[PDB]
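Tertiary structure, described
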Amino acid sequence: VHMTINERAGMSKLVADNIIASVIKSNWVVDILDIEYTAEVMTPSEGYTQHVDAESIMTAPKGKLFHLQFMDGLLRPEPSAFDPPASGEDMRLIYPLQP
Amino acid sequence: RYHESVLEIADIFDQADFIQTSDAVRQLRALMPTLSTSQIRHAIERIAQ
Amino acid sequence: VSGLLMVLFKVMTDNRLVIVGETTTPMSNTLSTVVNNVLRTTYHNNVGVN
Amino acid sequence: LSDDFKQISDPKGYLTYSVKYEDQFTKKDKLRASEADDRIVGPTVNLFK
Amino acid sequence: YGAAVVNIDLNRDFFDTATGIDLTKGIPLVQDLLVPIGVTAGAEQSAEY
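Keep in mind that residues are numbered from 1 along each chain as the sequence reads, not by the entry's scheme, and that residues without coordinates are left out. Labels follow written order: the first chain is A, the first ligand is 1, and so on. Every figure given here refers to the displayed chains, which form just one part of a larger assembly. The side-chain quantities take in all heavy atoms of the structure and omit both hydrogens and water.

A word on the packing of aromatic side chains
- Each aromatic pair joins two rings of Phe, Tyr and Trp (for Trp, the six-membered one) with centres within 6.5 Å, and gets the label stacked for planes under 30 degrees apart, edge-to-face for over 60, and tilted for any other angle. If you walk through the whole model with that rule in mind, you get two aromatic pairs over all chains.
- Centre to centre, the rings of E:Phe14 and E:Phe15 are 4.7 Å apart; their planes meet at 80 degrees, and the pair counts as edge-to-face.
- A relative accessible area of 55% places E:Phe14 in the exposed class.
- For the exposure calls, accessible area comes from a 1.4 Å probe over protein chains only, and a residue counts as buried if that area is under 20% of its type's maximum, exposed if over 50%, partly exposed in between. Residue E:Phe15 is classed as partly exposed on the basis of its relative accessible area of 31%.
- Positioned over the ring face of A:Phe66 is A:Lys64, at 4.3 Å from the centre of the ring. Here, over-ring charges are defined by two tests on the NZ atom of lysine or the CZ atom of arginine: distance to the ring centre within 6 Å, and angle to the ring normal within 35 degrees.

Quick look at the interface of chain E and chain A
- With twelve residues of chain E at the interface, the matching set in chain A holds nine residues.
- Using a 1.4 Å probe, buried area is obtained as the accessible area two parts lose upon being combined, added over both of them. Buried area between chain E and chain A, summed over both chains or domains, comes out near 850 Å², and the portion from carbon and sulfur atoms is 65%.
- Salt bridges are defined as contacts in which a side-chain nitrogen from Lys or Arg sits within 4 Å of a carboxyl oxygen from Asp or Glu. Seen at the junction of chain E and chain A, the total is zero salt bridges.
- Residues adjacent in sequence count toward polar contacts only when both atoms are side-chain atoms; beyond that, a polar contact is any pair of N or O atoms within 3.5 Å, and within protein one must be able to donate a hydrogen and the other to accept it. The interface formed by chain E and chain A contains three residue pairs in polar contact.
- Across the side of chain E that touches chain A, the residue classes break down as six nonpolar, four polar and two charged. For this analysis, residues touch if any pair of their heavy atoms sits within 4.5 Å. For this classification, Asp, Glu, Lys and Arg are treated as charged, while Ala, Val, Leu, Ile, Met, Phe, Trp, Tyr, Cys and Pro are nonpolar and the rest, including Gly, are polar.

Some points on the interface of chain C and chain D
- At the interface, 22 residues of chain C touch 20 residues of chain D.
- Roughly 1900 Å² is buried in total at the junction of chain C and chain D, and carbon and sulfur atoms are behind 60% of that figure.
- When the buried area of chain C at its contact with chain D is split by residue, C:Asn15, C:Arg16 and C:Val49 rank highest and sum to 31% of it.
- Taken together, the connections running from chain C to chain D amount to zero salt bridges.
- One can count nine residue pairs in polar contact joining chain C with chain D.
- At the level of secondary structure, the elements contributing two or more residues to the side of chain C that touches chain D comprise β1 (16-18) and β3 (43-44) of chain C.
- In terms of residue count, β1(C) provides more of the side of chain C that touches chain D than any other element does, three residues in total.
- Split by residue class, the side of chain C that touches chain D holds eleven nonpolar, nine polar and two charged. Put simply, DSSP marks the helices as runs of H or I at least four residues long and the strands as runs of E at least two long, and each gets a number from the N terminus on.

Description of the side chain of A:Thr38
Residues and elements named next belong to chain A.
- Inspection of the secondary structure puts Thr38 in strand β3 (residues 36-42).
- Note on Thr38: relative accessible area 6%, which makes it buried.
- Looking at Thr38, its side chain comes within polar contact range of the side chain of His67, at 2.7 Å.

This is the structure in structure tokens:
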């Protein structure tokens, strides 16, 4: 499903949690349009100072201004040939709809 | 089948003397929430402050 | 019957005259669209139920 | 010339809703959404919880 | 050398806190201009933009 949420305002915690769980398990794409945000563009050495759990994105009051951060990881240097393999997988949930 | 769009007064009138602004003010107003008269007064008192 | 009489009497003598009380005038963007359609600018802080 | 009226601000009605909750399914804990909406739809939401 | 990004911001030195503007984020933000009446405006409200 490519679900669009124009307005979160009535949504139960149960439903929001279920939608996120579908994003993760059923591979849903959920475009939340109600959100407004400023967007700092971090560089890899400075990391992500601020964090946003899925709950807060799904339940924040309408008309409040979120402050998301986005890595520009283009300045990440190559790994050493002898760095241990990563068995795991770094993941990401939040993306912009616009440049 | 139509296309809504801002049309500056300057594209209509050929007399520059009575045209001070442009489409930009309309766009900026579109950014504003509709304001009750007391909210307008509050804005003006704030800018005055 | 006495109770209905007193109700009726208390209504017959309801000389109340409303003055506007405390009244919020919320920013439009902060409201869910379903509430915005219903709200007409200001509303009393003591909204009742409906 | 007369004390004809009693000025009052937030009038109470003659009727009102009265609600009995089935305690097994009710959560006594107060519900709320965003403050903006709760200020309006709030007392309603809690009553007909 | 090593500049990761080069942005173009409004000059915070010019649009000072004396104008009421804050520019620590990506955008100008002014408190207490466009506000609800009868309640304190919420923090980090979008209308500030």
